[PDB]
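Content type mmCIF, C-alpha atoms and all ligand atoms, from the file start-v6.cif:
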data_coords
loop_
_atom_site.label_atom_id
_atom_site.label_comp_id
_atom_site.auth_asym_id
_atom_site.auth_seq_id
_atom_site.Cartn_x
_atom_site.Cartn_y
_atom_site.Cartn_z
CA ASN B 1 187.69 -55.11 46.65
CA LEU B 2 184.13 -56.33 47.44
CA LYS B 3 182.29 -58.15 44.57
CA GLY B 4 184.90 -56.83 42.05
CA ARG B 5 184.26 -53.06 42.69
CA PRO B 6 186.46 -51.15 45.22
CA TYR B 7 184.31 -50.23 48.32
CA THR B 8 185.25 -48.11 51.38
CA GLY B 9 182.81 -48.08 54.35
CA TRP B 10 180.59 -50.16 56.65
CA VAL B 11 179.44 -53.68 55.65
CA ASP B 12 177.12 -56.12 57.50
CA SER B 13 179.51 -58.26 59.65
CA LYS B 14 177.73 -61.55 58.71
CA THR B 15 176.84 -61.14 54.97
CA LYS B 16 179.67 -58.63 54.03
CA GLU B 17 176.94 -56.67 52.14
CA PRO B 18 177.65 -52.87 51.99
CA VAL B 19 175.63 -50.77 54.52
CA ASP B 20 175.18 -46.98 54.20
CA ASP B 21 175.22 -44.95 57.48
CA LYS B 22 171.64 -43.68 56.75
CA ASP B 23 170.44 -47.36 56.47
CA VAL B 24 172.20 -48.51 59.74
CA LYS B 25 169.26 -47.23 61.88
CA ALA B 26 166.48 -48.94 59.80
CA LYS B 27 168.57 -52.14 59.37
CA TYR B 28 169.90 -52.58 62.98
CA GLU B 29 168.24 -50.20 65.55
CA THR B 30 165.45 -52.73 66.46
CA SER B 31 168.19 -55.46 67.11
CA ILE B 32 170.36 -52.91 69.02
CA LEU B 33 167.50 -51.93 71.41
CA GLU B 34 166.39 -55.58 71.78
CA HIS B 35 169.94 -56.77 72.78
CA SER B 36 171.06 -53.74 74.89
CA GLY B 37 170.22 -52.42 78.33
CA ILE B 38 168.14 -54.22 81.00
CA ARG B 39 166.69 -57.39 79.41
CA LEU B 40 166.18 -61.16 79.88
CA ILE B 41 169.47 -62.89 80.73
CA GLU B 42 171.12 -64.29 77.58
CA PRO B 43 172.86 -67.62 78.42
CA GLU B 44 175.49 -67.18 75.62
CA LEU B 45 176.92 -64.13 77.51
CA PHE B 46 177.11 -65.99 80.90
CA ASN B 47 178.70 -69.36 80.08
CA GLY B 48 175.33 -71.00 79.17
CA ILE P 1 179.46 -85.61 38.14
CA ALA P 2 179.79 -82.25 40.10
CA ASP P 3 180.11 -79.11 37.82
CA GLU P 4 182.51 -76.61 39.58
CA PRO P 5 183.60 -73.63 37.34
CA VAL P 6 187.28 -73.68 36.05
CA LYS P 7 189.81 -71.95 38.42
CA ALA P 8 191.61 -68.77 37.14
CA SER P 9 194.98 -70.02 38.68
CA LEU P 10 194.84 -73.12 36.34
CA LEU P 11 193.72 -71.05 33.26
CA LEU P 12 196.51 -68.41 33.84
CA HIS P 13 199.15 -71.21 34.41
CA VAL P 14 198.09 -72.96 31.10
CA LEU P 15 198.22 -69.67 28.98
CA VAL P 16 201.75 -68.81 30.35
CA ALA P 17 202.92 -72.49 29.90
CA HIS P 18 201.51 -72.52 26.27
CA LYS P 19 203.23 -69.15 25.43
CA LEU P 20 206.65 -70.11 26.99
CA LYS P 21 206.31 -73.62 25.27
CA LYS P 22 207.11 -75.41 28.61
CA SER P 23 205.34 -78.24 30.58
CA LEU P 24 202.87 -76.98 33.30
CA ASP P 25 205.29 -78.45 35.99
CA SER P 26 208.32 -76.45 34.55
CA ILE P 27 206.56 -73.09 35.53
CA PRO P 28 206.34 -72.63 39.35
CA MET P 29 203.44 -70.32 40.47
CA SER P 30 205.86 -68.52 42.96
CA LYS P 31 207.98 -67.06 40.05
CA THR P 32 206.89 -63.70 38.43
CA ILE P 33 206.26 -63.28 34.61
CA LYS P 34 209.38 -60.97 34.44
CA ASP P 35 211.55 -63.70 36.17
CA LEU P 36 210.05 -66.65 34.10
CA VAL P 37 210.46 -65.00 30.63
CA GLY P 38 214.25 -64.37 31.20
CA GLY P 39 214.66 -60.78 29.84
CA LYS P 40 212.57 -61.32 26.59
CA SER P 41 210.19 -58.29 27.14
CA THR P 42 208.33 -59.07 23.72
CA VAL P 43 207.26 -62.55 25.16
CA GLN P 44 206.36 -60.96 28.60
CA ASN P 45 204.24 -58.22 26.84
CA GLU P 46 202.52 -60.91 24.64
CA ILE P 47 201.67 -62.81 27.94
CA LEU P 48 200.26 -59.54 29.51
CA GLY P 49 198.30 -59.02 26.20
CA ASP P 50 196.85 -62.62 26.39
CA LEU P 51 195.83 -62.06 30.09
CA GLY P 52 194.29 -58.61 29.19
CA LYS P 53 192.23 -60.22 26.33
CA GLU P 54 191.29 -63.34 28.45
CA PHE P 55 190.04 -61.76 31.76
CA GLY P 56 189.77 -58.01 30.84
CA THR P 57 190.91 -55.63 33.67
CA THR P 58 194.39 -56.52 35.12
CA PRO P 59 196.28 -55.32 38.27
CA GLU P 60 198.63 -52.24 38.30
CA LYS P 61 201.92 -54.09 37.42
CA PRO P 62 201.20 -57.81 36.65
CA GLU P 63 204.79 -58.72 35.48
CA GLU P 64 206.24 -58.16 39.08
CA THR P 65 203.23 -59.83 40.93
CA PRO P 66 203.79 -63.63 41.36
CA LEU P 67 201.25 -65.88 39.50
CA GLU P 68 199.37 -66.61 42.85
CA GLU P 69 198.45 -62.94 43.76
CA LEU P 70 197.66 -62.35 40.02
CA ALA P 71 195.43 -65.54 39.92
CA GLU P 72 193.33 -64.55 43.05
CA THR P 73 192.99 -60.85 41.83
CA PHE P 74 191.58 -62.22 38.49
CA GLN P 75 189.30 -64.69 40.44
CA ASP P 76 187.59 -61.73 42.33
CA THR P 77 186.14 -60.59 38.90
CA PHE P 78 186.42 -63.97 36.96
CA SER P 79 182.84 -65.08 35.98
CA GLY P 80 184.13 -68.68 35.23
CA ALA P 81 183.65 -68.29 31.39
CA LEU P 82 186.04 -70.04 28.88
CA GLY P 83 187.31 -66.61 27.56
CA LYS P 84 187.99 -65.18 24.04
CA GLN P 85 191.80 -65.90 23.98
CA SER P 86 191.09 -69.53 25.20
CA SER P 87 188.32 -69.86 22.48
CA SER P 88 191.01 -69.18 19.76
CA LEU P 89 193.72 -71.38 21.52
CA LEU P 90 191.27 -74.40 21.77
CA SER P 91 189.76 -73.76 18.24
CA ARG P 92 193.35 -73.96 16.74
CA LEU P 93 194.37 -76.96 18.97
CA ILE P 94 191.30 -78.95 17.65
CA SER P 95 191.65 -77.70 13.98
CA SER P 96 195.49 -78.23 13.68
CA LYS P 97 196.26 -81.37 15.87
CA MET P 98 193.02 -83.55 15.88
CA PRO P 99 192.07 -86.01 13.04
CA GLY P 100 189.74 -84.80 10.19
CA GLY P 101 186.09 -85.18 11.37
CA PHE P 102 187.06 -85.08 15.12
CA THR P 103 185.77 -81.54 16.07
CA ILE P 104 185.53 -79.90 19.60
CA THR P 105 181.82 -81.00 20.16
CA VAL P 106 182.67 -84.73 19.37
CA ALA P 107 185.49 -84.57 22.04
CA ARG P 108 182.94 -82.82 24.40
CA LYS P 109 180.49 -85.75 23.77
CA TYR P 110 183.25 -88.47 24.19
CA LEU P 111 184.67 -87.19 27.58
CA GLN P 112 181.03 -86.67 28.89
CA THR P 113 180.10 -90.33 27.97
CA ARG P 114 183.49 -91.86 29.09
CA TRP P 115 184.11 -90.01 32.46
CA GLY P 116 180.70 -88.32 33.17
CA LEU P 117 182.48 -84.87 33.18
CA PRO P 118 180.14 -81.80 32.77
CA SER P 119 180.95 -78.68 30.59
CA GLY P 120 182.83 -77.01 33.55
CA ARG P 121 185.23 -80.03 33.94
CA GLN P 122 185.48 -80.57 30.10
CA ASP P 123 186.71 -76.91 29.80
CA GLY P 124 189.48 -77.79 32.36
CA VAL P 125 190.44 -81.10 30.55
CA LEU P 126 190.68 -79.13 27.21
CA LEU P 127 192.78 -76.34 28.96
CA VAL P 128 195.29 -78.92 30.46
CA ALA P 129 195.35 -80.54 26.92
CA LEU P 130 196.45 -77.10 25.48
CA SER P 131 199.44 -76.73 27.95
CA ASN P 132 201.10 -79.88 26.38
CA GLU P 133 199.79 -79.69 22.71
CA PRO P 134 201.30 -82.59 20.63
CA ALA P 135 203.89 -81.55 17.93
CA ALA P 136 202.13 -83.58 15.12
CA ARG P 137 198.41 -84.31 14.32
CA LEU P 138 197.10 -87.63 15.81
CA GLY P 139 196.10 -89.45 12.54
CA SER P 140 194.12 -92.28 14.29
CA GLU P 141 190.89 -91.62 16.34
CA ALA P 142 192.05 -94.13 19.09
CA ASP P 143 195.32 -92.11 19.71
CA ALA P 144 193.19 -88.88 20.09
CA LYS P 145 190.93 -90.87 22.57
CA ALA P 146 194.08 -92.18 24.47
CA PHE P 147 195.49 -88.56 24.72
CA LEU P 148 192.07 -87.17 25.97
CA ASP P 149 191.91 -90.10 28.52
CA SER P 150 195.55 -89.39 29.76
CA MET P 151 194.72 -85.59 29.97
CA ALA P 152 191.56 -86.34 32.12
CA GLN P 153 193.74 -88.22 34.75
CA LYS P 154 196.32 -85.31 34.69
CA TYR P 155 193.43 -82.76 35.19
CA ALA P 156 191.97 -85.09 37.92
CA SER P 157 195.49 -85.18 39.60
CA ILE P 158 195.85 -81.30 39.45
CA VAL P 159 192.31 -80.58 40.93
CA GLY P 160 192.09 -83.77 43.13
CA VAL P 161 189.19 -85.75 41.47
CA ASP P 162 188.97 -89.64 41.74
CA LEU P 163 187.39 -91.47 38.70
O1 LIG B 201 211.95 -56.68 26.78
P1 LIG B 201 212.40 -56.25 25.26
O2 LIG B 201 211.58 -56.93 24.19
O3 LIG B 201 213.86 -56.62 25.11
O4 LIG B 201 212.18 -54.63 25.16
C1 LIG B 201 212.96 -53.89 24.28
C2 LIG B 201 213.55 -52.68 25.04
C3 LIG B 201 212.49 -51.58 25.22
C4 LIG B 201 213.98 -53.11 26.45
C5 LIG B 201 214.79 -52.11 24.30
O5 LIG B 201 215.91 -52.97 24.36
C6 LIG B 201 214.63 -51.82 22.80
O6 LIG B 201 213.80 -52.34 22.12
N1 LIG B 201 215.56 -50.86 22.26
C7 LIG B 201 215.59 -50.49 20.86
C8 LIG B 201 215.01 -49.13 20.55
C9 LIG B 201 213.52 -48.89 20.65
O7 LIG B 201 212.75 -49.76 20.44
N2 LIG B 201 213.15 -47.53 20.99
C10 LIG B 201 211.77 -47.15 21.15
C11 LIG B 201 211.29 -47.80 22.44
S1 LIG B 201 209.82 -47.02 23.14
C12 LIG B 201 210.09 -45.33 23.72
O8 LIG B 201 211.07 -44.71 23.45
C13 LIG B 201 208.97 -44.76 24.58
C14 LIG B 201 209.17 -43.71 25.33
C15 LIG B 201 208.01 -43.17 26.14
#

Structure re-expressed in structure tokens:
Amino acid sequence: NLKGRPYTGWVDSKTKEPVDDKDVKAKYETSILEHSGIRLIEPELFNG
Amino acid sequence: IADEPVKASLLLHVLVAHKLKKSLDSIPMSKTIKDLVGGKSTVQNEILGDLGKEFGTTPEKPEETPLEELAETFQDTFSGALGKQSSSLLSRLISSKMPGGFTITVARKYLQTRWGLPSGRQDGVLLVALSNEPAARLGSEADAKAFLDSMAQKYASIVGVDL
């Protein structure tokens, strides 16, 4: 159950809003590439 | 004061308590409708019919699910509305047991002025009033106002509101 209706699949981890596999790339790819690979050190990952 | 919509676990517990003709305390939420009713299938099936008319869609087998799991499964779809079965129950509580002239809207004005309770609380105070309906009509207006005042404190105890 998710907002009354029965749903099976991916949801946004924060908002619990359903996410279709097609939409994952438009919705998340920019954030994935931004926070992956060689990048500025992120204090949250290294004990501030 | 704050207007929070009426909980489905209170509504369901009132409807069962009204049907079984027992005090809200006498029905524990842990017991199932099949256990509570004590083998009287006709009463159990009238309860399931009241729940089906009140909320709409019901779980697979609601007589074997305890009143907790049934309350939270109703809450996932429950819009907060009074209901149709509760409309009739409250209409016939006010018409049959309140003094002539004292309608539902006059009680809704009185409890709003006295306690500062919005329409979402006033629903709850009227529902807890239903679960212990008085045997005879309250002839005097002041006895109807003393009952409504006592019911507000009992509703306030159940939810956890301080007036
Ligand atoms: O919980 P109760 O109200 O006691 O339910 C009555 C019960 C069905 C258990 C039974 O004792 C009863 O009423 N027996 C009398 C005969 C009767 O009513 N027969 C028709 C019942 S429905 C039927 O046969 C359906 C089959 C698919």

Return as an mmCIF file with C-alpha atoms, in the frame of the given file every polymer residue, whether protein, DNA or RNA, with at least one atom no more than 12 Å from an atom of ligand LIG 201 (chain B); count all atoms listed in the file.
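New file result_17.cif:
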data_model
loop_
_atom_site.group_PDB
_atom_site.id
_atom_site.type_symbol
_atom_site.label_atom_id
_atom_site.label_comp_id
_atom_site.auth_asym_id
_atom_site.auth_seq_id
_atom_site.Cartn_x
_atom_site.Cartn_y
_atom_site.Cartn_z
ATOM 1 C CA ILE P 33 206.260 -63.280 34.610
ATOM 2 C CA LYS P 34 209.380 -60.970 34.440
ATOM 3 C CA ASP P 35 211.550 -63.700 36.170
ATOM 4 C CA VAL P 37 210.460 -65.000 30.630
ATOM 5 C CA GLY P 38 214.250 -64.370 31.200
ATOM 6 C CA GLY P 39 214.660 -60.780 29.840
ATOM 7 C CA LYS P 40 212.570 -61.320 26.590
ATOM 8 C CA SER P 41 210.190 -58.290 27.140
ATOM 9 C CA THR P 42 208.330 -59.070 23.720
ATOM 10 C CA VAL P 43 207.260 -62.550 25.160
ATOM 11 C CA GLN P 44 206.360 -60.960 28.600
ATOM 12 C CA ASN P 45 204.240 -58.220 26.840
ATOM 13 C CA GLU P 46 202.520 -60.910 24.640
ATOM 14 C CA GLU P 63 204.790 -58.720 35.480
#

Check every residue of chain P for an atom within 10 Å of chain B, counting all atoms listed in the file, and provide those that qualify as a tab-separated table (two decimals) with C-alpha atoms, in the coordinates of the input.
chain	number	residue	atom	x	y	z
P	73	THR	CA	192.99	-60.85	41.83
P	74	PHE	CA	191.58	-62.22	38.49
P	75	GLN	CA	189.30	-64.69	40.44
P	76	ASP	CA	187.59	-61.73	42.33
P	77	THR	CA	186.14	-60.59	38.90
P	78	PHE	CA	186.42	-63.97	36.96

Item to complete: Give the answer as one residue: which of P:119, P:87, P:30, P:23 has the shortest atom-to-atom distance to residue P:66, using all atoms listed in the file?
Response: P:30

Discussion item. One number please: atom CA of residue P:31 to atom CA of residue P:67, in Å, one decimal.
Written reply: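 Rounded to one decimal, the two atoms are 6.9 Å apart.
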
Fill in: Length of the atom CA of residue B:6 to atom CA of residue P:82 vector [Å]
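So the two atoms, atom CA of residue B:6 and atom CA of residue P:82, lie 25.0 Å apart.
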
Practice prompt. Using only C-alpha atoms, determine which residues lie at most 10 Å from residue P:85, disregarding the query and same-chain residues fewer than 2 positions distant; provide the list as a PyMOL selection string.
Written response: chain P and resi 15+49-55+82-83+87-91

Response to the item:
In Å and to one decimal, atom CA of residue B:44 is distant from atom CA of residue B:21 by 28.7 Å

Fill in: Nearest candidate to residue P:130 (options P:79, P:86, P:9, P:57; using all atoms listed in the file)
P:86

Worksheet item: Near residue P:141, counting all atoms listed in the file, which residues have an atom at most 9 Å away, once you skip same-chain residues fewer than 2 positions from it, shown as an MDAnalysis selection string?
Response: chainID P and resid 98:99 102 138:139 143:146

Item to complete: List every protein, DNA or RNA residue that has at least one atom no more than 12 Å from (185.0, -85.6, 31.4) in the file's coordinates, counting all atoms listed in the file, and write the result as a PyMOL selection string.
Response: chain P and resi 1-3+107-126+145+148-156+161-163

Grab the residues selected above and save them as a PDB file, in the frame of the given file with C-alpha atoms.
ATOM      1  CA  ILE P   1     179.460 -85.610  38.140  1.00  0.00           C
ATOM      2  CA  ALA P   2     179.790 -82.250  40.100  1.00  0.00           C
ATOM      3  CA  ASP P   3     180.110 -79.110  37.820  1.00  0.00           C
ATOM      4  CA  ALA P 107     185.490 -84.570  22.040  1.00  0.00           C
ATOM      5  CA  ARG P 108     182.940 -82.820  24.400  1.00  0.00           C
ATOM      6  CA  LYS P 109     180.490 -85.750  23.770  1.00  0.00           C
ATOM      7  CA  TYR P 110     183.250 -88.470  24.190  1.00  0.00           C
ATOM      8  CA  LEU P 111     184.670 -87.190  27.580  1.00  0.00           C
ATOM      9  CA  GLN P 112     181.030 -86.670  28.890  1.00  0.00           C
ATOM     10  CA  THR P 113     180.100 -90.330  27.970  1.00  0.00           C
ATOM     11  CA  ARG P 114     183.490 -91.860  29.090  1.00  0.00           C
ATOM     12  CA  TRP P 115     184.110 -90.010  32.460  1.00  0.00           C
ATOM     13  CA  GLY P 116     180.700 -88.320  33.170  1.00  0.00           C
ATOM     14  CA  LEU P 117     182.480 -84.870  33.180  1.00  0.00           C
ATOM     15  CA  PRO P 118     180.140 -81.800  32.770  1.00  0.00           C
ATOM     16  CA  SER P 119     180.950 -78.680  30.590  1.00  0.00           C
ATOM     17  CA  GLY P 120     182.830 -77.010  33.550  1.00  0.00           C
ATOM     18  CA  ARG P 121     185.230 -80.030  33.940  1.00  0.00           C
ATOM     19  CA  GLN P 122     185.480 -80.570  30.100  1.00  0.00           C
ATOM     20  CA  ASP P 123     186.710 -76.910  29.800  1.00  0.00           C
ATOM     21  CA  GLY P 124     189.480 -77.790  32.360  1.00  0.00           C
ATOM     22  CA  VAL P 125     190.440 -81.100  30.550  1.00  0.00           C
ATOM     23  CA  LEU P 126     190.680 -79.130  27.210  1.00  0.00           C
ATOM     24  CA  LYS P 145     190.930 -90.870  22.570  1.00  0.00           C
ATOM     25  CA  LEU P 148     192.070 -87.170  25.970  1.00  0.00           C
ATOM     26  CA  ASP P 149     191.910 -90.100  28.520  1.00  0.00           C
ATOM     27  CA  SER P 150     195.550 -89.390  29.760  1.00  0.00           C
ATOM     28  CA  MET P 151     194.720 -85.590  29.970  1.00  0.00           C
ATOM     29  CA  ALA P 152     191.560 -86.340  32.120  1.00  0.00           C
ATOM     30  CA  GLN P 153     193.740 -88.220  34.750  1.00  0.00           C
ATOM     31  CA  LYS P 154     196.320 -85.310  34.690  1.00  0.00           C
ATOM     32  CA  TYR P 155     193.430 -82.760  35.190  1.00  0.00           C
ATOM     33  CA  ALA P 156     191.970 -85.090  37.920  1.00  0.00           C
ATOM     34  CA  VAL P 161     189.190 -85.750  41.470  1.00  0.00           C
ATOM     35  CA  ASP P 162     188.970 -89.640  41.740  1.00  0.00           C
ATOM     36  CA  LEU P 163     187.390 -91.470  38.700  1.00  0.00           C
TER      37      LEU P 163
END

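Contact shell of residue P:8 at 6 Å (only C-alpha atoms; same-chain neighbours under 3 positions omitted): residues 11, 12, 71 and 75 of chain P.
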